[PDB]
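Atoms within a ligand are numbered from 1 in the order they appear, just like the ligands themselves. Scope of the values below: all heavy atoms of this structure, side chains included, with no hydrogens, waters or symmetry mates. Per chain, numbering begins at 1; letters A, B, ... match sequence-line order.
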Amino acid sequence: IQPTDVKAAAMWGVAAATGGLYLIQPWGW
Amino acid sequence: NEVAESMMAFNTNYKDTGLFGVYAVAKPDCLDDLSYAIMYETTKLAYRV
Amino acid sequence: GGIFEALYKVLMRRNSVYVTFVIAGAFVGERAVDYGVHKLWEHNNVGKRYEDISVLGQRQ
Amino acid sequence: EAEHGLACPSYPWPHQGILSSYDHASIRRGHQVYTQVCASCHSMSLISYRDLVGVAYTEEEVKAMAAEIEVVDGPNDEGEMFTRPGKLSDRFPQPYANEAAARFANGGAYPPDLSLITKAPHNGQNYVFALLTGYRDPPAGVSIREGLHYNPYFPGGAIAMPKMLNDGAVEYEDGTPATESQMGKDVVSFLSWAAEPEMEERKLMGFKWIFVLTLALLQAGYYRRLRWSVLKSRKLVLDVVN
Amino acid sequence: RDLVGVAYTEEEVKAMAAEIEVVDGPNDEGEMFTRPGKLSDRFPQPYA
Amino acid sequence: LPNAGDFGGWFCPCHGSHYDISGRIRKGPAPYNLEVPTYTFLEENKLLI
Amino acid sequence: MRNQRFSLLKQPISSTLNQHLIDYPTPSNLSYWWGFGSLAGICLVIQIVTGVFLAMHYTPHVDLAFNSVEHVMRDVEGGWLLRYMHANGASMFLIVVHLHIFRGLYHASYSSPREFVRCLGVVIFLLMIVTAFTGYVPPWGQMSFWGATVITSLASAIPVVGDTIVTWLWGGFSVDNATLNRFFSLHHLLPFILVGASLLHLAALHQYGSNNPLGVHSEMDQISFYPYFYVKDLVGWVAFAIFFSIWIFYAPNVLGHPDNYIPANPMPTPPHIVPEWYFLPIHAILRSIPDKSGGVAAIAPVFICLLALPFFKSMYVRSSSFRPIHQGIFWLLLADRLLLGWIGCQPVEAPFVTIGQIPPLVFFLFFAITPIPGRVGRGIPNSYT
Amino acid sequence: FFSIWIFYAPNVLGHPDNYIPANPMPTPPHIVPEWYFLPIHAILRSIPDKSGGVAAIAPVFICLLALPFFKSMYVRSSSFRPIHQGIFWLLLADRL
Amino acid sequence: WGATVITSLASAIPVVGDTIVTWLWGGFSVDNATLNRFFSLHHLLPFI
Amino acid sequence: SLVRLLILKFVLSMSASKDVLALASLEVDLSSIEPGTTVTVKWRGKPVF
Amino acid sequence: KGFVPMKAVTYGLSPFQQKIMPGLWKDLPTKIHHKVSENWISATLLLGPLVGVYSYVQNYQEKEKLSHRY
Amino acid sequence: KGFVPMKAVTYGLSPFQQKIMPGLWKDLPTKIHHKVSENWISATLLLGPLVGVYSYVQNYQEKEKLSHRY
Ligand SMILES: CCCCCCCCCCCCCCCCCC(=O)OC[C@H](COP(=O)(O)OCCN)OC(=O)CCCCCCCCCCCCCCCCC
Ligand code: HEC
Ligand code: HEM
Ligand code: HEM
Ligand SMILES: COC(=O)N(OC)c1ccccc1COc1ccn(-c2ccc(Cl)cc2)n1
Ligand SMILES: COC(=O)N(OC)c1ccccc1COc1ccn(-c2ccc(Cl)cc2)n1
């Protein structure tokens, strides 16, 4: 409801990591 | 916000089909904020109850 | 036609696999097209590369 | 009619095409025509020694080609100049000391810089080929000065450069017969690379993005005709006749 | 030319500046030479 | 800067690195020691960079 | 206001973007000729972004300027893309604006109540010409020197002051390092004036809205900008980027001159001094007068008869769809601006001295035979009835 | 006030070391910025760790950006607030 | 010696920070690549 | 992918040029001094302590 | 500023009930004949004075070239 | 946005019926005493910690200078 709001909302945190290394490959860190 | 004169939700059943919706009566300068509120709360039933 | 409901069945009913698919699908597609341009190139030009120089090692 | 020159024909160069590359064994041979026939009076001065590595020569061959020249180096602790053998970072050497000493050894005329000479005239690859292999005998009624030669492709008809590509002027290290037309074709492929050293990184990036952009054009014409279909098919009754 | 009107007359600077040799650009043979100084020249350098 | 510091070492008044002459830091935020490259003699005193 | 909140796009932080870029009412029959105005605002942003990165590697000095442009082409990562996007991108910015202007002449978009929209755009066309000319000098080749000499000396034919004008513009007695350094400072500044004059030119159109292909009062059939004219403007930004990519990757030197690859020498003259293709029509009018002070005085009536089109009145029909005679004069003026561009790259000799004197006359007979249909045409409803 | 800095004292607010041309082999004896960067230069050199020095400049611009989001204060002006008024003059003595 | 003290202060950021400073500098030190890009950004930032 | 190509091409041109990387490794000499003193000599763009 | 009082009846379908693409290659012979039998005096006014001037210049330059030859 | 309904009566004179300048040097002894007997705890909080810190530094530096002298 409100759990499914965040249980969705933290995988856009991760859709954004599939995206955050998609072009830059930030390497050393 | 006084954006209508009256509002009513309906639900009709038939042998094979049906109809589910909302009926409203309003003044011609309120139709944007009324249509936002109707569609916002019907779609919220699929997300957050 | 049954693959069309089944592919919408699983992934995009929300923004889960939408702003992640389009990113990760931008990669497999960019590597599928960079591979085909890089093999149509070395098939139109045989005998013209740098490693096809017969006297390469030997200047002296 | 001899005021702009004669018009040169069109030759099928091996790097002309939408997916065609340089012949790298012909760039290798054309650097040898340059360094033995041409570098005595012409400069390049934009090309370094490190720019041939991976194009026509190995890094070990350039570290022994560059160490055969003496290059001026900066002041020592006593405040004097000296000379040193060349390195990978150095530019191609200059035949003269300035433009004034270059006209004096050539009858007043200046021999230009050749690092961009295929881009600097119109039709610049078919012009350098047809000029070097184009020294003819003058027609009936034309006289030339002393120290000037008749080339019909030069604008004016009288050039201050003598004919320099004669048969067998270079010993090719790969068993190619060094004919006049062979050395002329090989030195233009070297000079084409020197003006445009980016042409292969450029034709490969342009095939990837014209193809990818004609897919986004098919998506955007569907997206347009889908949002406009409720308007383009609606029915309307109005009450008016004429 | 910066001392003219400050401490010296223009005739005195045209005889102060002509006592030094200044390097000038290439001739038609492509060589350097020296010339006496002018009003446009800078003060001379002691070292190289 | 040489010829100063809490030892006589390499005084750096940039943000306050007080070295010792050995090169390893005494008091300051320099996160490493100084870089150590490779060099040895030929015969006598010239050791090559 | 309302008592509690609603759609967030109707909040004060995003009202100016909502009512002018999303909900703005648009005529429903606009064609693809109404698409070249947002295309010209993308071409201006490309020139600003590409030029800011080009200026991190350029040196404005006569001993160092030609060799800084070859250093970008050869030693900077992707630097040949940064130059070819900027040199060919100034040709795309002029193709798009030239097709913009000829839309407004066919459908008579300068008419009432839209006179201030026309006059703010004649100022924009003047700032574009000065910016492209002043920026063609920084590469410092043989055509960057002998083109700045031919144009800046043309102010030496203005009466008594004249010769004090040219030596103040030059900073000396010729084109030299004082001129190359001040042409660089003005070239970073003038694109940012061009930005503020384009936002002002759009506030004048959002006071009355847009014209339409029929020319009529259109407030009874209007839709919103999003999504309808956004998705058909997006078809135009992708068809443009294909056409722009055949000029960067497959023909990057077709639209230039070879003489700008020779470093600048003030002792010899090139055999033929020709400008870029988009300055060729005003270059043929400027060389058509056999007096020089009457040549500067034929360029200023080009920008006077442009600025004085929307102030003739009696014309109630706007669109050329319903006007069969003025429609045939439009296609006969377009054939004249393409013939004046051909003449401007030819030698000054026979026969191009007669064929270059009649089209400057035909070009000025377009702006005098417009208002006479503003008199003969208003007696049509009393005759054809 | 601006004309007593152009005509009668044009070099008081600068450093003399910027009249020596740049030499990367020697270091100047004291490296000091312009007067208007001196307060953040003293916070940056106050931490004896360097990575904690960059991390003391970013909380200067975080506690500035997060002043207007504390709420319960109905009196605004320091004319009617005698205790917060004395803290204002005690912060100004600290930035100087 | 003020552009050296400040731009090297980004070399204490975790382990992408040694790639930050040599991208800001354009090389291994403050030099002509750094003076040329500091001039281009300085004409731009007053208009923002 | 088009936003991917453009942003990387603008940010990578600021990194380091091919002529800067060609001057990054070489061999130079020093002279002699007495125990406990200081003299420096240059290598690429910085000293050797 | 934007109000015209009106009276009309409109009907409309849904986007996902129609055929989006096939209305492009529908009657392309009929579509081509309509555009060129209605815009043939606007191209005779655009290309006409350009083909006729290029013919004059090429004839002028081919008679002063054959008059300079000996 | 800007309306408060109100009830008041105002009277006003003309600018060219009054004395513009002389109300500056009117009672300057009385004006000075009002400002300094009401703002003397805001200057004891601004100059106080600065005079007391400058006294500490000059005393610290005058006792490590006389301890290094032989
Ligand atoms: C106890 C606080 C904890 C510390 C502060 C938070 C952490 C510090 C990080 C700094 C950034 C602050 C971000 C907070 C901004 C939004 C906070 C906010 O909305 O406050 C709510 C306030 C009243 O809230 P109310 O409408 O009554 O409903 C709440 C009932 N549950 O209504 C509002 O204030 C919203 C209306 C004004 C907002 C307009 C924008 C103000 C600036 C916010 C952006 C932050 C600064 C970034 C720079 C902005 C410019 C680019
Ligand atoms: C005898 C010394 C000498 C030799 C060797 C030499 N050149 Fe030249 N070159 C000149 C001179 C002098 C000119 C100037 C001609 C003129 O100004 O008319 C010139 C001009 C040229 C030009 C310019 C033609 C033009 O239209 O401007 C080209 C291209 C050229 N040389 C190429 C070459 C090539 C390729 C070679 C190697 C086969 C070569 N040169 C060898 C002296 C030389
Ligand atoms: C802030 C904005 C801009 C900056 C900083 C800028 C910067 C530069 C620089 C540094 C050059 C020289 C490098 C080179 O020759 O390629 C140049 C050239 C040039 N600029 Fe710009 N530019 C800007 C905007 C524009 C605009 C808006 C236009 C056109 C309307 C324009 C037109 C040109 C042209 C035509 C050249 C000549 C390039 C050539 O032919 O080689 N510039 N610009
Ligand atoms: C930097 C250059 C320019 C920009 C960014 C620009 C921008 C725009 C935009 C976005 C529109 C609305 C969209 C459209 O109608 O296509 C418009 C309309 C218009 N513009 Fe431009 N423009 C520029 C140059 C010019 C020039 C040079 C002229 C005329 C000499 C001009 C005159 C007009 C006119 C008359 C309209 C009328 C709108 C209509 O007919 O409905 N603009 N402009
Ligand atoms: C991109 O620039 C060129 O092509 N340039 O300039 C180096 C060039 C090169 C060679 C020959 C001529 C020119 C210039 O041609 C023209 C023709 C008319 N104007 C003009 C310029 C400014 C103003 Cl206010 C008014 C009229 N300029
Ligand atoms: C006018 O400039 C000077 O006085 N400069 O710079 C050459 C100088 C000269 C000598 C020593 C130090 C500086 C710089 O001092 C400071 C202190 C803090 N910042 C700073 C700068 C940028 C950012 Cl984002 C954040 C903090 N800079």
Side-chain angles (χ1 to χ4, degrees), chain F residues 14, chain G residues 27 30 33-44 46-58 60 65 68-69 72 82-84 86-91 93-94 96-98 100-101 103-105 107-110 114 117-125 127-129 131-141 143-144 184 187-192 194-195 197-199 201-202 204-205 209-212 229 233 256 260 276 306 309-310, chain H residues 15 18 31-44 54 57, chain I residues 1-7 9 40 43-44 47:
Chain F
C14 280
Chain G
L30 298 191
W33 289 107
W34 268 259
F36 291 111
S38 56
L39 208 56
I42 291 170
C43 285
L44 173 66
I46 290 172
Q47 291 299 91
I48 292 187
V49 173
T50 303
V52 163
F53 283 100
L54 269 182
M56 297 170 172
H57 311 274
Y58 169 76
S68 277
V69 188
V72 165
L82 267 190
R83 180 169 185 262
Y84 281 150
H86 204 77
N88 286 288
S91 298
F93 188 32
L94 271 292
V96 162
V97 171
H98 272 145
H100 200 46
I101 292 172
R103 193 271 324 255
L105 294 176
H107 294 293
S109 283
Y110 43 82
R114 288 170 197 107
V117 188
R118 179 74 174 192
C119 292
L120 267 173
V122 178
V123 181
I124 284 174
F125 192 53
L127 280 172
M128 284 173 62
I129 286 177
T131 312
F133 165 82
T134 281
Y136 194 72
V137 184
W140 204 244
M143 200 58 73
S144 298
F184 179 71
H187 193 55
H188 219 297
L189 172 77
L190 289 189
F192 286 103
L194 206 39
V195 163
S198 283
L199 304 171
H201 163 85
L202 284 180
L205 195 76
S210 165
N211 200 20
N212 59 81
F229 292 108
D233 274 14
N260 222 12
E276 287 292 320
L306 274 170
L309 262 171
Chain H
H15 310 110
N18 222 12
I31 303 181
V32 177
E34 287 292 320
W35 68 267
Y36 45 84
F37 282 165
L38 289 187
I40 62 179
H41 185 74
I43 286 173
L44 192 48
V54 166
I57 303 302
Chain I
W1 291 100
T4 294
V5 110
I6 291 302
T7 54
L9 199 69
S40 184
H43 219 297
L44 172 77
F47 286 103

**Prompt:** Any protein heavy atom lying closer than 4.0 Å to atom 28 (C) of ligand 3?
**Reply:** yes
**Asked** Looking only at distance, does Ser210(G) have an N or O less than 3.5 Å from an N or O of ligand 4?
**Response** yes
**Request:** May I ask you to list the atoms of ligand 4 that are less than 4.0 angstrom from any heavy atom of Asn211(G)?
**Result:** 39 (C), 40 (O), 41 (O)
**Complete:** For atom 37 (C) of ligand 4, the closest protein heavy atom turns out to be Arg103(G) NH2, 3.9 Å
**Message:** Taking 4.0 angstrom as the limit and counting only heavy atoms of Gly51(G), give me the atoms of ligand 3 inside it, by number and element.
**Reply:** 4 (C), 5 (C), 6 (C), 7 (C)
**Request:** Counting heavy atoms only, name the option from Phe93(G), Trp34(G), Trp33(G) that's nearest to atom 13 (C) of ligand 4.
**Result:** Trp34(G)
**Asked** Less than 6.0 Å separating the ring centroids of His107(G) and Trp34(G)?
**Response** yes
**Request:** Could you list which atoms of ligand 3 come closer than 4.0 Å to a heavy atom of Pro191(G)?
**Result:** 2 (C), 24 (C), 27 (C)
**Request:** Determine whether the side chain, the backbone, both or neither of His43(I) has a heavy atom under 4.0 Å from any heavy atom of ligand 3.
**Result:** neither
**Prompt:** Given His107(G), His201(G), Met128(G), which has its nearest heavy atom closest to atom 33 (C) of ligand 4?
**Reply:** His201(G)
**Prompt:** From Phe36(G) CZ over to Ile101(G) CD1, what is the distance, rounded to the nearest 0.5 angstrom?
**Reply:** 12.5 Å
**Message:** Can you report which non-hydrogen protein atom sits closest to atom 26 (C) of ligand 4, along with the distance?
**Reply:** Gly121(G) O, 3.7 Å
**Message:** Tell me whether the rings of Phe47(I) and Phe192(G) are parallel (<30°), tilted (30 to 60°) or perpendicular (>60°).
**Reply:** parallel
**Message:** Under a 4.0 angstrom heavy-atom cut-off, which atoms of ligand 3 come close to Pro139(G)?
**Reply:** 15 (O)
**Message:** Would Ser109(G) count as being in polar contact with ligand 4, using the rule that some N or O on each side must be under 3.5 angstrom apart?
**Reply:** yes
**Complete:** Checking heavy atoms under 4.0 Å, the part of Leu205(G) that sits near ligand 4 is side chain
**Complete:** Among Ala87(G), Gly135(G), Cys43(G), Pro138(G), closest by heavy atom to atom 19 (C) of ligand 3 is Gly135(G)
**Request:** Check each protein residue for a heavy atom under 4.0 Å from ligand 6 and list those that pass, ordered by chain and number.
**Result:** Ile31(H), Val32(H), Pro33(H), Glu34(H), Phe37(H), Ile40(H), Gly2(I), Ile6(I)
**Message:** Regarding atom 34 (C) of ligand 4: of the candidates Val117(G), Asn212(G), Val123(G), which has the closest heavy atom?
**Reply:** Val117(G)
**Request:** May I ask you to check if ligand 3 and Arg83(G) share an N or O to N or O distance below 3.5 Å?
**Result:** yes
**Request:** Output yes when the distance from some N or O of ligand 4 to some N or O of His100(G) is under 3.5 Å, and no in every other case.
**Result:** yes
**Message:** Using 30° and 60° as the class boundaries, would you call the ring planes of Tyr58(G) and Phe184(G) parallel, tilted or perpendicular?
**Reply:** tilted
**Request:** Could you list the atoms of ligand 4 found under 4.0 angstrom from a heavy atom of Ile124(G)?
**Result:** 1 (C), 2 (C)
**Prompt:** Closest non-hydrogen protein atom to atom 7 (C) of ligand 4, residue and atom name please, with distance?
**Reply:** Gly37(G) O, 3.7 Å
**Fill in**
among protein heavy atoms, the one nearest atom 11 (C) of ligand 4 is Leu202(G) CD2, 4.1 Å
**Prompt:** Got a protein heavy atom sitting under 4.0 Å from atom 1 (C) of ligand 3?
**Reply:** yes
